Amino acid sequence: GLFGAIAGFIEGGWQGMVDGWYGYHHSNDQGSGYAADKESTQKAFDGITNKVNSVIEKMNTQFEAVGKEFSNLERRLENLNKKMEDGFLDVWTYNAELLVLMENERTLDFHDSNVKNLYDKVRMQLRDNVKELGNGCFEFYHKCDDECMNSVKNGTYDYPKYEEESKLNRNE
C-alpha cells in the first residue's frame, strides 16, 4: 500500500488483537500478549465516520424520475423525457460508483498511514535503546517489564533511564 506498512514491512495482521484497529504485542520475563492503541484507533474511527456521512450527504440532492405520459403524436417529447431521466440516472450512478471507488482507495491508504505513523512514533521514542528488526518489532537492549512496556504504549518511555544499560549491551 501507499505507506508500506500494511501487508508491507508489517507482513500480516493480528487475529489476537480484538479491540482496536492498531496496537501492540509485547514480550518479556513477566510473559506476552496483545493490546490496542486507543488514541490512534479513535482518531481513525472519527475520520471514517465522517467519511461515510460525507459520501452519503453529497448525494442527497440527487435526481428523481417523475411519472408522466405522452400521446402517440408526442414521441419526440416522450423521447426527450426518457433521455433526460435516463441521463440523470446515469450521471448519479456514475457519481455514486466513482465516489465509493475513490474513497475506498483512500480508506485503505489511510489505515496504512495510521499504522506507519504509530510505528514511527514508537521508533522515535525508543531510539537506539532498541534494535529495529524490520518486521514492525523493536528488540530492547535492556530488560523492559510490564511497567516499561506500558510507558511505551502511552508515549512516556524513559530513554535516559535505560540509556546506560542499553549502550553497554549494544556495545558488546
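Just count from 1 along the sequence shown to find any residue number.
If you average the CA temperature factors over each stretch, which comes out higher, 114-122 or 36-44?
Averaging CA B-factors over each stretch, the winner is 36-44.
ask   = Which is higher in the entry, the mean Cα B factor of 148-156 or that of 8-16?
value = Higher of the two, by average CA B-factor, is 148-156.
- Query: In the PDB entry, which of 108, 137, 65, 130 has its C-alpha at the highest B-factor?
  - Reply: The listed residue with the largest C-alpha B-factor is 65.
key: Position of residue 49 among the chain's modelled residues by C-alpha B-factor, lowest, middle or highest third   = Ranked within chain, residue 49 CA B lands in the middle tercile.
For this session: Check where residue 69 lands among this chain's C-alpha B-factors and tell me if it's the lowest, middle or highest third.
Result: It belongs to the lowest third of the chain when residues are ordered by C-alpha B-factor.
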